[PDB]
4 protein chains.
Amino acid sequence: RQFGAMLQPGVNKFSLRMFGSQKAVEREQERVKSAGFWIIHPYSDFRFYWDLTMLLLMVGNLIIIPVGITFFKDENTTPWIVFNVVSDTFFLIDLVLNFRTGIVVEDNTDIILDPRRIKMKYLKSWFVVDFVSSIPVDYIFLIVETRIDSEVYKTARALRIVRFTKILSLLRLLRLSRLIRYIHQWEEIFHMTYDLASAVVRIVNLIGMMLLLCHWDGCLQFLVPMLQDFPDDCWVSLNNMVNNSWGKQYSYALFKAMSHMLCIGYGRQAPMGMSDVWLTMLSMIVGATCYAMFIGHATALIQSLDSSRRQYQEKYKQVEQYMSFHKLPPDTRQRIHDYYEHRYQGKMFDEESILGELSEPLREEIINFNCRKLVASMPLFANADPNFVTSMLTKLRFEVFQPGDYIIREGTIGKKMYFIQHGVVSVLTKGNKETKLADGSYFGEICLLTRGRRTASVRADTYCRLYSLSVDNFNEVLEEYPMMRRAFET
Amino acid sequence: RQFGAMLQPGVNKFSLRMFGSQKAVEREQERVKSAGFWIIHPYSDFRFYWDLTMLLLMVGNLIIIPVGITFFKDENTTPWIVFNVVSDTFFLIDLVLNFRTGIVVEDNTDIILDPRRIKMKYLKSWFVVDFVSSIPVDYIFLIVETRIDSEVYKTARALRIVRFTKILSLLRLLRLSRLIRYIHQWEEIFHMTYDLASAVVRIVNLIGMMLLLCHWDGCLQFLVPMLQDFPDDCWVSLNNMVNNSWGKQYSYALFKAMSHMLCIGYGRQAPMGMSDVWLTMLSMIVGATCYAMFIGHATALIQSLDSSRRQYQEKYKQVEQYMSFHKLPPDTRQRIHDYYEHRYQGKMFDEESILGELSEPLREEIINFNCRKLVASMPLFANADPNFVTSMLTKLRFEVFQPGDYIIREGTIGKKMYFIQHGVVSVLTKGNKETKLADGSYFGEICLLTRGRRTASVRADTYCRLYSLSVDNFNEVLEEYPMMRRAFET
Amino acid sequence: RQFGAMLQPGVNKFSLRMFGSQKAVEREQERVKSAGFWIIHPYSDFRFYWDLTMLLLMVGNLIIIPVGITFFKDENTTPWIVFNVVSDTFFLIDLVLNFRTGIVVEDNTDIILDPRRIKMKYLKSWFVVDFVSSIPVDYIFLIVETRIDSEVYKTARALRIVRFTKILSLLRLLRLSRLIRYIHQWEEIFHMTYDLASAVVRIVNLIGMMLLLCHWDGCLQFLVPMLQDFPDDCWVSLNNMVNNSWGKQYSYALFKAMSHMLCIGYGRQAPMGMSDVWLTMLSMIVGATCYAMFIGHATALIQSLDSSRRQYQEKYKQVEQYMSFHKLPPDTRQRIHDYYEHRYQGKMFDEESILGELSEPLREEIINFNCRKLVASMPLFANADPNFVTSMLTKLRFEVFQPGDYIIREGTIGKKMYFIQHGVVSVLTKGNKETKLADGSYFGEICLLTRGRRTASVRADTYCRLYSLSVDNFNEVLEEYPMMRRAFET
Amino acid sequence: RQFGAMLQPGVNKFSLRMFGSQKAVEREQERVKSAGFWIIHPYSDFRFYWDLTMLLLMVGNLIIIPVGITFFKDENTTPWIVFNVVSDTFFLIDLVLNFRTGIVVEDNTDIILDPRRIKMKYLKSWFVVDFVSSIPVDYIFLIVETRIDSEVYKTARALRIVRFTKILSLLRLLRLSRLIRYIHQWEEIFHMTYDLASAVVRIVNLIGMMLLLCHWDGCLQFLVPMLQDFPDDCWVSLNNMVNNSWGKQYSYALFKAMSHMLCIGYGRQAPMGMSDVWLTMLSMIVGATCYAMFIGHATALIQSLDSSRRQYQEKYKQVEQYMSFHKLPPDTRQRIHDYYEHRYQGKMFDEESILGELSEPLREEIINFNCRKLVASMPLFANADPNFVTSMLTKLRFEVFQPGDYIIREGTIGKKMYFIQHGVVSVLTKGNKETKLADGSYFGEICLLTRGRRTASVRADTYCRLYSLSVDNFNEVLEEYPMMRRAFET
């Protein structure tokens, strides 16, 4: 009874992350607990360990089945039959426990209590191939022949029947369907892989798929000549590899299939019999098409890694052509380039969209973390309450000046007041000699309470990073807060 | 007379879909019925079955003509002449009924009653090649020779004349023009294919076109050596395939042409005579260029299948670089990632454009289906009339909070009221212990009629999916409806 | 004197198009006539015919020079020296008249009267290579040897000197610089080619460039073995092509170079001497890199032909994922698909940008051509003056309803009035039986003068294409026109 | 002591550019001068010359190590040991001075005074491979064998031990890690290379990397047969290259590796022993995959050079489909094309974004340089002060009319006044005969002070480039300046 608890998802970094909170974990735990009979939750640690063992089984079979069919004349030995029957039992349990399982759609739990509803969905999608690739069809074929024909050994049928055994045993490698199914599942369901698109994981997927195609192709290149008992014009009988060892035969047939794949050649020579020509042609067209598609795939998947730099390069070419179209002096043309490279750093983003997409809690977390220590330094705001403070902070603006600008103009209208955030400025006066501010200071206070002319003029001494604060936004926030609208006059 | 009714489009899932309503079907039915003489409507079931038979004919001819020209020495037998003449009659009827047909431009009916207007358009576009590829030009050439030269058998001309027969019979495979024409027509005119761009259909189109080019190339590789009567340096005479059977000759010449196409080799060896070198060169350059273009095509057509996921990946890289550029704590950096993955689910869309593109009926169908049961639950709105209801519902906003947010802040200005749509929240009070709402409830009613301070503060206990409802939009809709503007005070 | 008039641009479809008006043609005619000495205007018919003859010369030389150097032992005959000297005279006149010519930058006339200013620019860019590839350097080398060495025939130097003649005569094929220069000039300066990017022209450019590289590569593959006098391990001496004819030698060396280019093989065999290995390696790497770059080029240039359809496919995938994310009934999911396919027709555009980019004259030409006959049909507007009419028409909106919509709702607020433009609607009333309007009618008049409730309700009977006309835009235009603001009340 | 000054960055075009101002240069100079012990600033001329010498060393070793291992039987001579020990000393100093160095992150100085903090970061990243590739591991292996085994010469171990010496000496070519590290550093840190993405530099990087892979592959193809002492089926022993010279052996093994890379063939023949087959297979798959990835890379990097022209082509195809969708007369369809080609010149930009991205100083520099001489020409503005002038100039608009437009309409409302900037217009009157203005004039003055009807109507006689100036923007700027609001009435 207590072992029936692993069949429901638990507290685990993967479940916790994909759910968000332990409360959500127990939530589904109960959503499954709506069940009467044991239903496997797809995220239940049981099914994860199941699928791990079954991934090992599927890979072992897809690698070992063809090599055992084609090479190893008289393949039935005391082992390899234990192997096929153990694999068949595991995959039959896979077939059964496949009906009684939790499906997931849209990341929304689809656990379907109705066995028929899950059974119907499985029947539609994959139960047919899983059935055809679960039962040892070759063994039941051999059986319905051994009983019917006593003279099978004496008759030519047994040779036909051994050829049919070797051909029908090839069904077992439709389990590639389950392999790709469970891999896609436990890679997109997997979160640490769902991130970045995991170009490493995806390209290793692709390398594995090409290597498997090439290895099955090699075993095929050797199966088809063998079935016809090595005619005098099959490569196995011109390369004189009839009496060789299964290592050399496999290695060289894999050589041929990989030649055809990369379009580098045929092998030691060019096909000479009709079976060779048609196999070479099928393998050339399939291998070369698949390889070129895989490489177009990986090329696009790599050139999608520098997207946010290609986009900055494009936006700067547009700035270049605007500058040209107005024929700007090559002094301003250099100031502009400096400013761009020192604002977008070879990577584009948008502090307006990327804040119109976030929710209000996240908007406020970023805004607060940015402007807290800055706006808290002023006395006229730090004394107010968080309502007014963090309803004002949403009017701040980002600004990246350049060494030499007149962030303020002497004796001029100062409609906005600035809050510095980085770099260092130097306020200037005709009378006063020098003064500086940096890394969290604030200037321009003479403008907020009353409008007039600025008593100074500051200069960016390095790449300052001020935070703007206008007055129209100010008094719009202000008229919402009469409480502090009254007290500012004094 | 009654059979002249199939020449006009009818009620049919394809016609119904491409027209929209049975009224539109009878509409055109009459637009064609503007005719006096039988005019084929391009969508008339007659022309569809016509084009089906003619597609079968064109494919049969493009596959059977070259193989019959090149191989089969003394090709004229009791069959194959019946074949050419039946094909010629069908294609001549195609030529005639091609003038008297309905053309379609922009999906706007172009049925042109004026025979001259349709005849002139056909003359301009394709009547010339269809004429050159309809009449058995080789037969009339042979005839204007048999009568003129009695000593044709005795003279060397007959050998010249049999070579010219075999060359001029090659015109019949300009019907590829009609094949691609009718396929493009009955694939874009076809709607279930016009959807998704039908990558399956398009890639099968491309595979068919490459296979046809490669098969014509094989027949050419064998035609050109044969015409010169197998010189001692043509592959047919070094591979010792003069006395072979037409199956082996075809299979191996197709082998060579496919080698040249994929750039895997020449064949058994490298060309040795000048005709071989120049054929191999023409075939190499044409095959390799065409194959590489087809594969660039299919690569782009496959990488256009994950567009709406590549675009989410790009937008998230921009969020990454915004986060970096402000150096956010790796707690907020994780909250943001969670929110994104749980709002755009690896697929981008825009509920603002995708509603500014739809018409007003569809805007209202989506808005209604979304917010009906939600806004109907409140008593203060369900009692009003659809005018006010569905003129208000256009101010609702979508919002996806995160487990732990303070969707409401305790004792704070509640300028907007929320309508929940999913998940589950938990209102909280200092005095009250607990309370919940979920899956279609509504809270925040104390704010609409009168403005003040919220008596509570709620928390997202899971990934809530509330629907916002402000008050400025509210009273803007309200001042449009004085009827309910008066009654809300009580 | 009168022949000095062709040196200035004239009235011609190319000049007329690239200038806009015959007044602009005479404008520049005078801008050049600012000259004292004959200056060639780059668009002067003289320079166009010049460049045509010179394009013929450059192509003839790039094809004939290598074939004459490598093959044709003892190449100096009574012809071919006339050929080199005529080509040298034409190209020297090209060098001279290259200084005295009109340059063009930004499509802004750059005709520079100052000979020094044009001379300085030419010196910087291309005068150096044009000088090195104009004078017969091999002839002056031969001359400074014939005079210095009487025993040249007797000495081994003459063999060295004939090798140096054959190598130094290779300079003449730097005229490829001029070829690509003049082609880019007379293709982008050319307008009918500057359109569409002329994918045909550009891909033929690329095919020509690959064919030229491959042909020079063939001549090189034959030059380098020959210079060493056919060592016993050069392909020319294993393929036994020493005593062959220049046709076979050229054809097969071009074969080899094209093999290396496409990466299909080497030739009859694989290199065996060190010169062969290093030539084959240089040619493999250069040919294969260049070919793959050309094909990436042409692939992108073809996949840039269906841009405005790929973009519709992307926008519709985003509509698909919006529909999914709200789980819409598969009835609305089909209405939406119908509307999209019947509004954007598989091709995206933006009637807002494409009207914010045009000038005001073009804005008014399109707006007028669209809405003239429609707005003129109403009596209350046709009686007003073009000022009010065409200041109102800028408030019209485009709208594509769908068979079955209630374009008007019965007894409802009709804030906008519609002008039909296509399709056919059917107004409905409880009392009135039926009525129709189509293809240029207008309805909804009861709303403009006075606001109330609509006395009817219309339905889209086919895919109507109405033109909206609101009342807020109406009275905003109205308050600008008091003249007609007064008279509407009656 | 004074030599300890080069260890800090100085005044230099690279430092000056990457910092912005000499004040910033001395700023960091002091930020480093926060140090007590000599710390290498990564931009210190010392480290730049260091890295130059070390780049020379790394390239020399990556080219000379493999060629010395594989060929040159009995490689230990009086030279080459001096070479390995000098290289080892330089690279060990690299290892030591690697701990005591300035790191840079985000272009923000990361100079870390704490030796442990820099040491810890280096330990994490690359100290491990740099240690494994710094010490002569093969020499210490040989030493711990020479002392232990006196009978090493007599025993079979010495042959094992010479094979292990030749294998373990291969560690030294992990310095490719440092090579790519220092190249990426001194190419992105390098600014003149960081511009344009420097497609030239990047493609030369890629060509160098492919050439190095191919050269190591050649040396490997020769190392692996040699270690097994040239079995009777290694290409070195079928191509009969055992007794050859190291030049021929190297050149032909590089031939083979480059064959496998481009997928052109194997070599003189196809592998025959198991070591040959497996090397050829490893080299085929690695070389072909890497080459195809490099070429996808370079293709995308070249097709990213015409981005701002591809984007204009796309925007114009959208204009084409808008024109079609409204079926415009092919006169307007030509006017529109002329206007586009003469406004966006085959290159797109956005004078609104590209001015919303710039700071306020740069906004004002471009605006001033554009409109200074234009707005200064008018008397009513030039007499005002820069405050009003340059607060007005931000309302100017750009506009490109077309020869024949009525920039003004006769006797019409002239809500905007124009400032010409290029081309030439011709004002017209019923009474007045003719008049012109061009290249910096100004017209439309009768409208600003008082509103009425224009007394004239002008025409674009060429492609004018006026600068618009509305009146609503005018009086909005005006009500901000009462000073000049009063004086305009007179």
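Basis of the calculations
- Residues numbered from 1 in each chain as written, not as in the entry; some residues may be left out.
- Chains lettered and ligands numbered in written order.
- Heavy atoms only, no water.
- Helix = DSSP H or I, 4+ residues; strand = E, 2+ residues; numbered from the N terminus.
- Rg over C-alpha atoms; globule rule 2.2 N^0.38 Å.
- Buried < 20%, exposed > 50% of the residue type's maximum accessible area, 1.4 Å probe, protein only.
- Contact = heavy atoms within 4.5 Å.
- Areas by Shrake-Rupley, 256 points an atom, 1.4 Å probe, with all protein chains shown as cover.
- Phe/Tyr/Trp six-rings, centres within 6.5 Å; stacked < 30°, edge-to-face > 60°.
- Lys NZ or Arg CZ within 6 Å of the ring centre and 35° of its normal.
- Patch = residues over 30% accessible without salt bridge, like charges linked within 9 Å, V, L, I, M, F, W, Y side chains within 5 Å.
- Salt bridge = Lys/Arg side-chain N within 4 Å of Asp/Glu carboxyl O.
- Least-squares fit on C-alpha atoms.
- Buried area = accessible area lost by both parts, 1.4 Å probe.
- Nonpolar A, V, L, I, M, F, W, Y, C, P; charged D, E, K, R; others polar.
- Expected span 1.5 Å × (residues − 1).
- UniProt positions renumbered as here; feature names shortened; annotations may be inferred.

**Points about the overall build of chain A**
Thinking step 1. If you tally the helices and strands in chain A, you get 22 helices and eight strands.
Thinking step 2. The C-alpha atoms of chain A give a radius of gyration of 36 Å, which is well past the 23 Å a tight globule of 490 residues would have.
Thinking step 3. Its C-alpha atoms put chain A at 120 × 65 × 30 Å along the principal axes.
Thinking step 4. Expressed as a percentage of the 490 residues in chain A, the buried residues total 49%.
Thinking step 5. The long-range fraction of contacts in chain A, counting pairs at least 24 apart against all pairs at least 6 apart in sequence, stands at 71%.
Thinking step 6. Of the accessible surface of chain A, which amounts to about 24,300 Å², a share of 61% is contributed by carbon and sulfur atoms.

**Description of the environment of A456 of chain A**
Thinking step 1. The residue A456 of chain A is located in the loop between β6 (437-438) and β7 (457-460) in this model.
Thinking step 2. As for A456 of chain A and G444 of chain A, which are separated by 12 residues in sequence, their C-alpha atoms are 9.2 Å apart.

**Comments concerning the packing of aromatic side chains**
Thinking step 1. Counted under the stated rule, the structure contains 160 aromatic pairs over all chains.
Thinking step 2. With a centroid separation of 6.2 Å and 45° between ring planes, the pair formed by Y418 of chain C and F443 of chain C is classed as tilted. Taken as a pair, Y418 of chain C in strand β4 (residues 417-419) and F443 of chain C in the loop between β6 (437-438) and β7 (457-460) lie far apart in primary sequence, 25 residues in all. Neither residue differs from the other here; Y418 of chain C and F443 of chain C are each classed as buried.
Thinking step 3. Counting every residue linked through ring pairs, the aromatic cluster contains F71, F72, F222, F230, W235, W246, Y250, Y252 and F255 of chain A together with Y266 of chain D.
Thinking step 4. Above the ring of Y139 of chain B, the side-chain terminus of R172 of chain B is found at 5.9 Å from the ring centroid.

**Thoughts on a nonpolar patch on the surface**
Residue and element names in this part refer to chain A.
Thinking step 1. Nonpolar side chains collect at one region of the surface, where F3, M6, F37, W38 and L113 lie side by side and expose about 450 Å² of accessible area between them.
Thinking step 2. Topologically, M6 is positioned in the segment before α1 (13-19).
Thinking step 3. A relative accessible area of 43% means that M6 is categorised as partly exposed.

**Notes on unusual backbone geometry**
Thinking step 1. Of note, the phi angle at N240 of chain A is positive, near 60°, even though the residue is not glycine.
Thinking step 2. Given a relative accessible area of 62%, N240 of chain A falls into the exposed group.
Thinking step 3. Unlike most non-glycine residues, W80 of chain B shows phi in positive territory, near 70°.
Thinking step 4. Topologically, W80 of chain B is positioned in the loop between α3 (45-70) and α4 (81-99).
Thinking step 5. Under the relative-accessibility criterion, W80 of chain B is labelled buried at 15%.

**With respect to the relation of the copies chain C and chain A**
Thinking step 1. By a simple turn and slide, chain C fits onto chain A: the slide is 0.0 Å along the axis, the RMSD is 0.0 Å, and the turn is 180°. Here the symmetry operator amounts to a two-fold rotation axis. Ranked by how close their C-alpha atoms come to the rotation axis, the residues of chain C are headed by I264 of chain C, at 3.9 Å.
Thinking step 2. Mapped onto chain A, 100% of the interface residues of chain C again fall at the interface, so both copies present the same surface.

**Describing the interface of chain C and chain A**
Thinking step 1. Listed per partner, the contact involves four residues of chain C and four residues of chain A.
Thinking step 2. Summing both partners gives a buried area of about 250 Å² for chain C against chain A, and 9% of it is carried by carbon and sulfur.
Thinking step 3. When the area that chain C buries against chain A is broken down by residue, the three leading residues are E106, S324 and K327 of chain C, summing to 83%.
Thinking step 4. Residue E106 of chain A is joined to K327 of chain C by a salt bridge in which the shortest nitrogen-to-oxygen separation is 2.5 Å.
Thinking step 5. Partitioning the side of chain C that touches chain A into residue classes produces no nonpolar, two polar and two charged.

**Focus: the relation of the copies chain A and chain B**
Thinking step 1. Each copy of the sequence occupies a distinct position, and chain A is placed on chain B by a rotation of 90° and an axial shift of 0.0 Å, giving an RMSD of 0.0 Å. The two molecules are tied by a four-fold rotation axis, judged by turn and shift. It is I264 of chain A whose C-alpha, among those of chain A, lies nearest the rotation axis, at 3.9 Å.
Thinking step 2. Of the interface residues in chain A, just 8% have counterparts in chain B that sit at the interface too, so the contact is made through distinct surfaces.

**What about helix α11 (residues 199-227) of chain D?**
Because an α-helix completes one turn every 3.6 residues, residues spaced three or four positions apart along the sequence face the same direction.
Thinking step 1. When the terminal C-alpha atoms of α11 of chain D are compared, their 42 Å separation across 29 residues agrees well with the 42 Å that a helix rising 1.5 Å per residue should span.
Thinking step 2. Taken from the residues just after α11 of chain D, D229 of chain D is the one with a positive phi, measuring 60°.

**A closer look at the UniProt feature "intramembrane region" in chain A**
Thinking step 1. Within this numbering scheme, the UniProt entry marks residues 234-262 of chain A as carrying the feature "intramembrane region".
Thinking step 2. Taken end to end, residues 234-262 of chain A comprises 72% helix and 0% strand; its first and last C-alpha atoms sit 22 Å apart.

**Details of the pattern of salt bridges**
Thinking step 1. This structure, assessed with the given rule, holds 64 salt bridges over all chains.
Thinking step 2. Across the pair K154 of chain C and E151 of chain C runs a salt bridge whose closest N-O atoms are separated by 2.9 Å.
Thinking step 3. Looking at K154 of chain C, the relative accessible area reads 63%, which means it is exposed.
Thinking step 4. Here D94 of chain D makes a salt bridge to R178 of chain D, at a shortest N to O gap of 2.4 Å. Of this pair, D94 of chain D sits in helix α4 (residues 81-99) while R178 of chain D sits in helix α9 (residues 176-188); the two residues are 84 residues apart in sequence, bridging distant segments of the chain. As far as the burial class goes, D94 of chain D and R178 of chain D line up, both buried.
Thinking step 5. Within the structure, one salt-bridge network assembled from shared partners comprises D88, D138, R172 and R175 of chain A.

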